Every structure is written in C-alpha cells, then in structure tokens.
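This document starts with one chain, in the form deposited in one PDB entry, laid out as structure tokens.
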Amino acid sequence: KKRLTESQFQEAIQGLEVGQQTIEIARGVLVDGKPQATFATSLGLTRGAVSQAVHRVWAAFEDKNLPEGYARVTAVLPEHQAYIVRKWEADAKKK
C-alpha cells in the first residue's frame, strides 16, 4: 500500500547510512510496487528482514517530508515543559 514516487525515494535515501541491498529492496517495493515476498524469495531473506529494510527507508522519508526549517522531536518531559510543547505544535500548525 505505502509507496514513494521516484523523487520522494531519492529524498529519503539522501545520505542515509544503509547498504545497497536495503536500497534495492525499498526501491522495488516502495517505488516499483513489487511485493516484499519477491525480495524474500530472490535474496533468501526472511520476511522480517525485508520488512525492516523497507521500514528504514519509509521512516527515513517520514523523518524528512517536513516543512524545511522544522524537525520532529519526542521525549518524556515535566508537566510544565510538556505544556509548552503542546502550544508550540499548535503555533507550528498555523504555518
């Protein structure tokens, strides 16, 4: 279901520390739409591996694909600092 255009894929793999196999896997799956089973079959890899491989590149895209000048952060914080962050995301969701 989840897929990436050619250019979104190129963005996601920009400087991403990842082997060439992982790149090929995600390319066939996210861009060319091939099932993950094919790379499991053809590479002799378990279903887990291929899925983790595609996941990295997808997560990479999600770590980008944010308005430039922004970044996603997550943490457990005190009630006060938790409150401030709540507001900041609201103000961020105005621009």
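One rule holds for the numbers: they count along the sequence shown, beginning at 1.
- In this entry, 64-72 has the higher mean Cα B-factor, the comparison being between 64-72 and 30-38.
- Compared with the other modelled residues of the chain, the Cα B-factor recorded for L77 ranks in the highest third.
- Remark: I25 belongs to the lowest third of its chain, ranked by C-alpha B-factor as recorded.
There is another form of this protein, the form deposited in another entry, and it is not shown here; the text below is about that form.
- Look at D32, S42, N65, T46: the residue sitting at the hinge between this form and the one not shown, where one rigid part turns on the other, is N65.
- The distance between the CA atoms of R56 and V85 is at least 3 Å shorter in the other entry than in the form shown here.
- Compared with the form shown here, the Cα atoms of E11 and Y70 move at least 3 Å farther apart in the other entry.
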